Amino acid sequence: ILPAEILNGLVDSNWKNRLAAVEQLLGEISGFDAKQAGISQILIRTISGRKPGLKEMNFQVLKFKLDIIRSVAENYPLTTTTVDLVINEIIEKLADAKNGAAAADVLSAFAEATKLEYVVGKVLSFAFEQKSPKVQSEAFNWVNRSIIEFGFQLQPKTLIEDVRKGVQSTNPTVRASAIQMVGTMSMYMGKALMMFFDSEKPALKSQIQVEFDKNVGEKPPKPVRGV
């Protein structure tokens, strides 16, 4: 369904043709057959399944590759299977200075095209298996914002268990991002949420309580996504 002239451009040694081929693909990503079976998978496979795929060396080609994956999610029926295939690489890019925001918008499109629950689970699960603190905190930052955007469409029990791990990080940036997420959760879950943290070390508990105080009386924004 792609002509070899785009397919070839995509694997060109010259990043300038890859840029063209990618952007080319991106410009027309709009109007493939939304009823073709597995069209979403075919299109996302074309960017991820080749080489170097999402191991792009050129930051700008990568940027537009992320943009393709996002657009496919927005425009076509997406399976959790297609998400599984690429999401871990996307999550890793959360810590990329230049491409982090574009990786996050892929995650958001994945969540809207499937379910927030499914993607948050995959995101936090991988963030913890993985071992860079920046990916961890950036993952909490994304889940935080997604709760604001989608509403609390999550299971509180496991979510509290996840943010508990982050709140007990030796890394202060991860801690702060997890604690901030507690703040956001309190807008949906109420004062009772604080009881799940009532037995943390004084220092930590004090920090959580501060953020909890700033948020628990606040009325949450109407969801802007997933509606």
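Residue indices: 1-based, along the sequence shown.
Engineer: Averaged over C-alpha atoms, is the B-factor higher for 49-57 or for 164-172 in this PDB entry?
Structural biologist: So the stretch with the higher mean C-alpha B-factor is 49-57.
Engineer: Highest mean C-alpha temperature factor of the two stretches 183-191 and 25-33, which is it?
Structural biologist: The entry gives the higher C-alpha B-factor average to 25-33.
Engineer: Should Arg70 be placed in the lowest, middle or highest third of its chain by the C-alpha B factor in the entry?
Structural biologist: For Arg70, whose C-alpha B-factor we compare with every modelled residue in the chain, the answer is the lowest third.
Engineer: Consider only the C-alpha atoms of the modelled residues in this chain, order them by B-factor as the entry records it, and name the third containing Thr81: lowest, middle or highest.
Structural biologist: Middle third - that is where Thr81 ends up once the chain's C-alpha B-factors are sorted.
Engineer: Ranking the modelled residues of this chain by C-alpha B-factor as given in the entry, is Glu138 in the lowest, middle or highest third?
Structural biologist: Lowest third.
Engineer: Would you mind checking where the Cα B-factor of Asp96 ranks among the modelled residues of its chain, as the lowest, middle or highest third?
Structural biologist: For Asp96, whose C-alpha B-factor we compare with every modelled residue in the chain, the answer is the highest third.
Engineer: Ordered by C-alpha B-factor within the chain, which third holds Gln155? Give me lowest, middle or highest, please.
Structural biologist: For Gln155, the deposited C-alpha B-factor lands in the middle third.
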